[PDB]
Amino acid sequence: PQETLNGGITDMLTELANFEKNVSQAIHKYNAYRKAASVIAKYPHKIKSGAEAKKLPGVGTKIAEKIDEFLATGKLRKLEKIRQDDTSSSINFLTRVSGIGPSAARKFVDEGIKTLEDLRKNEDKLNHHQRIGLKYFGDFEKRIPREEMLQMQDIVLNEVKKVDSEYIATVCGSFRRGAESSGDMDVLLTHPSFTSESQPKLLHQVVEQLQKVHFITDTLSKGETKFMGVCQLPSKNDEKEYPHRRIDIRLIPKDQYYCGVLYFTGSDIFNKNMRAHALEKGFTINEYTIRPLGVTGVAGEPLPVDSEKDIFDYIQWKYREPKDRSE
DNA sequence: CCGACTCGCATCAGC
DNA sequence: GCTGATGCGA
DNA sequence: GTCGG
Ligand code: NA
Ligand code: NA
Ligand code: NA
């Protein structure tokens with residue numbers, strides 16, 4: 001459903017969602033507007049009235065009205081007022097820097113810090129994460145074309161294997177489902193030396209390696225199971241430098257790896273469909289395990305999982321390739 | 001009418 | 001010092 | 001803001 005179809009309504013709503021998250025700090029209002037704006041992007045019909053829209057799941061009365069004012073006039077008075085509000089402007093913008101959330105942004109704008117220049121004038125009051133968000137502001141808002149991701153995947157599989165032949169790594173996310181474009185790289189790692197009933201240097205030895213070969217240029221966080229940081233593909237000595245990109249590497253107990261792979265892969269709507277369908281078939285699925293729901297509602301022990309396919313067998317579902325996992 | 005709408009890591013509040 | 005809260009991102 | 005117990 002193209003941008004000309006019902007794009008104007010959707011940008012409105014998303015603009016409204018941003019301000020609820022960034023200025024009002026009303027995360028559920030943020031997720032509301034988003035939810036409305038998303039189902040609206042599904043509807044294959046240039047919407048003609050708020051009434052029409054209200055028939056959808058997630059469009060309530062108040063949004064129906066906003067669409068009504070949008071449709072009649074071309075704009076929403078609330079947005080325009082918000083659009084040219086100084087503090088709201090600067091607050092909403094500053095959150096675009098990774099590491100600055102609405103609380104930090106609101107604090108910066110309190111003491112006059114409103115623009116990247118202001119941030120740059122004040123490395124002092126920026127934690128480590130925020131400086132990397134500043135540093136890579138432009139690079140981080142860029143998407144990653146699939147061939148770059150495919151290239152990045154080469155480096156990650158090669159060096160991980162080179163650290164140990166026992167590691168298992170899967171780039172998940174949209175990419176794994178076939179998407180011609182991604183916004184970050186989501187690596188799921190595991191070893192046979194790591195069960196849920198069990199070493200605390202398994203992730204550091206892969207992180208280190210990828211810094212030795214100068215793939216990982218920066219670090220936002222690293223612990224015993226999650227690394228978040230920056231990487232960038234090597235340039236041609238003549239051809240321009242690639243933009244730095246965000247990467248996440250996550251260590252998972254091998255007895256839960258294929259559970260996490262499915263979850264960190266499958267689309268949102270797919271994942272609900274399956275945890276909708278798993279319950280009616282008597283099992284419960286979270287990111288970690290699959291447990292059988294006993295008669296009176298009580299979940300039992302987690303059952304073996306050793307493939308993605310396995311989990312479909314438990315719930316009586318044909319395995320679906322990640323490419324066909326849109327919903 | 002009224003509550004619902006996950007978690008590992010950095011960092012701060014408080015002891 | 002250490003525990004727990006809160007922010008952030010995802 | 002929206003849904004629903
Ligand atoms: Na952001
Ligand atoms: Na941010
Ligand atoms: Na933010």
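Lettering of chains follows the sequences in order, A, B, ..., and the numbering in each one begins at 1.
- A positive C1'-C2'-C3'-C4' dihedral is found for the sugar of C:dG1, placing it in the north range.
- Residue A:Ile100 is classed as a sugar-phosphate contact, given heavy-atom separations below 4.0 Å to backbone atoms only.
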Could I get a table of every N or O pair under 3.5 Å where one atom is in the protein and the other is in nucleotides 1-3 of chain C?
none

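- A side-chain N or O of A:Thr170 and one of A:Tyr257 form a donor-acceptor pair less than 3.5 Å apart.
- Atom CD1 of A:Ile40 is separated from atom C1' of D:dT2 by 13 Å (rounded to the nearest Å).
- Residue-to-nucleotide proximity on DNA chain B shows that, of A:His128 and A:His28, the 5′-proximal contact is made by A:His28.
- Atom CG of A:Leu126 and atom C1' of C:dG7 are 15 Å apart (whole Å).
- Neither OP1 nor OP2 of C:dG7 sits under 4.0 Å from any side-chain N or O of A:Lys107.
- Here A:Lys62 lies in heavy-atom contact (under 4.0 Å) with sugar-phosphate atoms only.
- Within the 4.0 angstrom heavy-atom criterion, only backbone atoms of the sugar-phosphate kind lie near A:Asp184; the bases stay farther away.
- Contacts of A:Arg246 with the nucleic acid, taken as non-hydrogen atoms under 4.0 Å apart, involve only primed sugar atoms and P, OP1 or OP2.
- A:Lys21 comes within 4.0 angstrom of nothing in the nucleic acid, heavy atoms only.
- Whole-Å rounding puts the A:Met12 CE to D:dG1 P distance at 13 Å.
- A:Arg176 and A:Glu308 are joined by a salt bridge, as a carboxylate oxygen and a charged side-chain nitrogen come within less than 4.0 angstrom of each other.
- Within 4.0 Å of A:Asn127, counting heavy atoms only, lie sugar-phosphate atoms of the nucleic acid but no base atom.
- Residues A:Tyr242 and A:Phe215 place their aromatic rings such that the two centres sit no closer than 6.0 Å.
- Checked for salt-bridge contact, A:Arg246 and A:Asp248 meet the test: a charged N lies under 4.0 Å from a carboxylate O.
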All N/O pairs under 3.5 Å across the protein-nucleotides 6-9 of chain B interface:
{"unit_1": "B:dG8", "atom_1": "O3'", "unit_2": "A:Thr225", "atom_2": "OG1", "d": "3.2"}
{"unit_1": "B:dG8", "atom_1": "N3", "unit_2": "A:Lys226", "atom_2": "NZ", "d": "3.0"}
{"unit_1": "B:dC9", "atom_1": "OP1", "unit_2": "A:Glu224", "atom_2": "N", "d": "3.0"}
{"unit_1": "B:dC9", "atom_1": "OP1", "unit_2": "A:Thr225", "atom_2": "N", "d": "2.9"}
{"unit_1": "B:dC9", "atom_1": "OP1", "unit_2": "A:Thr225", "atom_2": "OG1", "d": "3.3"}
{"unit_1": "B:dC9", "atom_1": "OP1", "unit_2": "A:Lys226", "atom_2": "N", "d": "3.0"}

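- A salt bridge between A:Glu69 and A:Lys78 is absent, with no side-chain N of the basic residue lying under 4.0 Å from a carboxylate O of the acidic one.
- A straight line from CZ of A:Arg131 to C1' of B:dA10 spans 13 Å, rounded to a whole angstrom.
- At a threshold of 4.0 angstrom between heavy atoms, the contacts of A:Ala104 are confined to the sugar-phosphate backbone, with no base atom among them.
- Across the protein-nucleic acid pair, A:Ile247 atom CD1 and C:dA10 atom P stand 13 Å apart, rounded to whole Å.
- Note: CD (A:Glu65) to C1' (D:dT2) measures 13 Å, nearest angstrom.
- Scored by the side-chain hydrogen bond (donor to acceptor under 3.5 Å, both in side chains) test, A:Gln153 finds no partners at all (sequence neighbours excluded).
- Using a 4.0 Å heavy-atom criterion, one finds that A:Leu56 contacts the sugar-phosphate atoms exclusively.
- Distance OH (A:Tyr30) to P (C:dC8): 14 Å, rounded to an integer number of Å.
- Salt-bridge formation is not detected for the pair A:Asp110/A:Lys107: no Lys NZ or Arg NE/NH1/NH2 atom is positioned less than 4.0 Å from an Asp or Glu carboxylate oxygen.
- Nucleotide C:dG9 holds its P atom 14 Å from the CG atom of A:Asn31, rounded to whole Å.
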A:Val187 vs A:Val206, side-chain contact (heavy atoms from CB on, under 4.5 Å): CA-CA, chis, key distance, verdict: CA-CA 11 Å; A:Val187 193; A:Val206 183; over 6 Å; no
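- The distance from atom CD of A:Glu148 to atom NZ of A:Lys142, rounded to the nearest 0.5 Å, is 9.5 Å.
- With hydrogens and angles disregarded, no donor-acceptor distance shorter than 3.5 Å links the side chain of A:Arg146 to the backbone of A:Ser181.
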